[PDB]
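Chains as they are written, first to last, in our numbering: chain H, 3 to 58; chain Y, 58 to 272; chain E, 98 to 153; chain F, -10 to 210.
Here is the structure we will look at, set down as structure tokens.
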Amino acid sequence: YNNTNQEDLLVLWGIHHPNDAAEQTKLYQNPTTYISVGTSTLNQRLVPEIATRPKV
Amino acid sequence: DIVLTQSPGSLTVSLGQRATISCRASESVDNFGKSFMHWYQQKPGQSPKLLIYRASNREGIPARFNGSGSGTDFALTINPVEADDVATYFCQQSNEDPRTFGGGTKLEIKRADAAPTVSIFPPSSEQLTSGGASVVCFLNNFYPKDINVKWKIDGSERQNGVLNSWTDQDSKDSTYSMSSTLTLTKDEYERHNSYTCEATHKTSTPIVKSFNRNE
Amino acid sequence: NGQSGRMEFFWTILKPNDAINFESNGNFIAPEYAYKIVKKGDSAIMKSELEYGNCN
Amino acid sequence: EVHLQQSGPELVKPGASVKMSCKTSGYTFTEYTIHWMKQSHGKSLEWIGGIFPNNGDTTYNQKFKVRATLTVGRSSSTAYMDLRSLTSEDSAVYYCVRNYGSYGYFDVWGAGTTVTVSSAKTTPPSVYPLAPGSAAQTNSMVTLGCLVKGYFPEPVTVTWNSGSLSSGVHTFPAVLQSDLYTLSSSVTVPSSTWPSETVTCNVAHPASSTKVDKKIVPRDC
Ligand SMILES: *[C@@H]1O[C@H](CO)[C@@H](O[C@@H]2O[C@H](CO)[C@@H](O[C@H]3O[C@H](CO)[C@@H](O)[C@H](O)[C@@H]3O)[C@H](O)[C@H]2NC(C)=O)[C@H](O)[C@H]1NC(C)=O
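This is the structure:
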């Protein structure tokens, strides 16, 4: 997405951290995944950290 | 004027040892808590080079150079002395115009006594058609500096017509070289036979090279 | 500046008898020159748009 | 880089005037004071003056106040010095030098414009090859030569094989013989290489627009 406006724009996004390799498979077929975001200034590549956590 | 006087004037130090050159200022060169002295290196045959600013800090300059001192007297310490250190070293103050320099100190390297590679040369044919004779005699790559060339024409010595020329101690091998031309006119020349070139060094207890006119 | 890749730089201070160990099999931007901290003192990085004046 | 390119060696009739130039490059001309230094041939360095480009303020030595004149061409990124009504005294080398910051050190020194003050005429040299004696050979290595005689004024450049040979070479300093300069060069190659190898002596004298080559031919005997 190219910001064509005249203003700064606040963009929000997210990553999902599943419980197990199973849940991983059920939701997104692929077993090892990434999310990379790129900007003039921003550069990140997130990898979901699967773990079993208490229920909230 | 802040008269700067370096000492000693000439310093010969053995290779791999310590050179210690001093500077002395007529009045102090030392306020704001820092010394405004500078050391400069003039390797032979080229412009001076900046070594130390404000008496202690090195400008790409090897650590072998120790800038030291405060107030009225300072000292450039070169240690260990390397081959490419033949130069004349200058201290100059910036504490107060007019900017004044030291006399300068020439550094010489003591090395292994080498023997002069003598070689004698007859005058060119092209020169002789022009009317003059020139007997050249090189004495390359030797040490100590002191050498003594003699010219002999048919056994009898001669000084008049001689021009000598030494190079500076070579930065790379620490050896001197010498030219020794002997100029005559064609007619003055054609009235003799054997031309000799007796070099007397501390190395050999006389090295000779000669040539005969007609061969 | 035409480039769509990114370079990320790092630094550390190597204490006087310590050693730094690099091991890499790619994407490495290697040090050639480092900087000896010769004089520590009180100084500053002044943000200014002006240049030298040859004065004191 | 911080290079300072200055004017070419010059000759002036006593009483005349010179104007050597120094061209700045690689930094901002207008941030540093440029200065001039005079060196009496192999003796001592003397400070002449300084000039700050950006506004053209000058600062002179007592000694040179009169005879000297620092000027600056801002568009040209160039500093000039002018010496008026010269004498034998002024025959020496002049360095165009960048000083860092009244209380400053000279960090970047230029090449050196060397001035020669003499009434003498410009004289092209004469080059003579130096082949060894017909019946004598220096053992493992053969010393060869080149002789440059009767020229004015300094300097001259001596090269061996257009420059590709830079090893055993010694070019001796010139000397004064009947009011002309004379110098010699000595290339040293392994005995096997000569006379098989083309040993040519390349000499250049700018002051007369002269460039000469001499090939060392063994002793015809
Ligand atoms: C980085 O380089 C250092 C020098 O090469 C090194 O220090 C050296 O460490 C050894 C032991 O590993 C010392 O060994 C001996 O030291 C003294 C003698 O002076 C005595 O107390 C003992 O006999 C002892 O066994 C060296 O003296 C020491 N050398 C110096 C010059 O300090 C570092 O450990 C190296 N560092 C890394 C992180 O690799």
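Just so it is clear, CB atoms sit at the ideal spot from N, CA and C, and this is done for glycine as well.
In the DSSP assignment, F:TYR83 falls within the unbroken beta strand (DSSP E) covering 82 to 88. Counting along the chain, H:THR27 sits inside the alpha helix (DSSP H) bounded by residues 23 to 29. At a cut-off of 8 Å, the C-beta of F:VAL188 has no neighbouring C-beta in chain Y. By the rule that beta-carbons nearer than 8 Å mark a contact, F:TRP149 does not touch chain Y.
In terms of CA proximity to F:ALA109, F:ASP168 leads the group F:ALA81, F:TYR84 and F:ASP168. F:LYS203 has F:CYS190 as its beta-bridge partners, per DSSP.
Taking 9 Å as the Cβ-Cβ cut-off, the segment 234 to 264 of chain Y approaches chain F at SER234, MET235, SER236, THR238 and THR240, given in chain order. Set against 7 Å, the gap from the CB of E:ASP115 to the closest heavy atom of ligand 1 is smaller.
Straight across, the Cα-Cα distance linking H:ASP10 with H:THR43 is about 14 Å. At a cut-off of 8 Å between beta carbons, E:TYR149 contacts chain F.
In the displayed model, F:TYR94 falls within coil according to three-state DSSP, outside both helix and strand. Under the DSSP assignment, Y:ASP130 falls in the beta strand (DSSP E) whose first and last residues are 130 to 135. Y:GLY161 places its beta carbon less than 8 Å from that of F:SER33. Using a Cβ distance threshold of 8 Å, Y:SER236 and Y:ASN221 count as a contacting pair. Residue range 94 to 99 is occupied by the beta strand (DSSP E) that includes Y:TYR97, with no alpha helix (DSSP H) assigned at that position. The Cβ atoms of H:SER38 and H:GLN31 lie no closer than 8 Å to each other.
Residues of chain E whose Cβ lies closer than 8 Å to the Cβ of F:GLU20 are, in chain order, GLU148 and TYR149. Here the segment 136 to 147 of chain Y makes contact with the segment 72 to 83 of chain Y; the two share three or more CB pairs at distances below 8 Å. As computed with DSSP, Y:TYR252 is found in a beta bridge with Y:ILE210 and Y:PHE268. In summary, H:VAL58 is exposed, with fewer than 16 beta-carbon neighbours lying within 10 Å of its beta-carbon over all protein chains present.
Around the Cβ of F:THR187, a 10 Å sphere holds fewer than 16 other Cβ atoms; the residue is exposed. With contacts defined as CB atoms closer than 8 Å, F:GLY39 and Y:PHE268 fail to qualify as a contacting pair. Within a 10 Å sphere around the beta-carbon of Y:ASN197 sit 16 or more other beta-carbons, which makes this residue buried.
Contact between F:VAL106 and F:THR67 fails: their C-beta atoms lie close to 24 Å from each other, not under 8 Å. A buried status is given to Y:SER151, since no fewer than 16 other beta-carbon atoms sit within 10 Å of its beta-carbon. Any Cβ of chain Y closer than 8 Å to the Cβ of F:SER6 would place that residue at the interface, and such an atom is absent. F:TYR94 has its alpha-carbon roughly 20 Å from the corresponding atom of Y:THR134.
Per DSSP, the continuous beta strand (DSSP E) segment holding F:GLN(-6) begins and ends at -7 to -5. Take the alpha-carbon of E:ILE117 and the one of F:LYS12: they are about 45 Å apart. For the segment 38 to 55 of chain F, the residues whose beta carbon sits under 7 Å from a beta carbon of chain E are, in order, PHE41.
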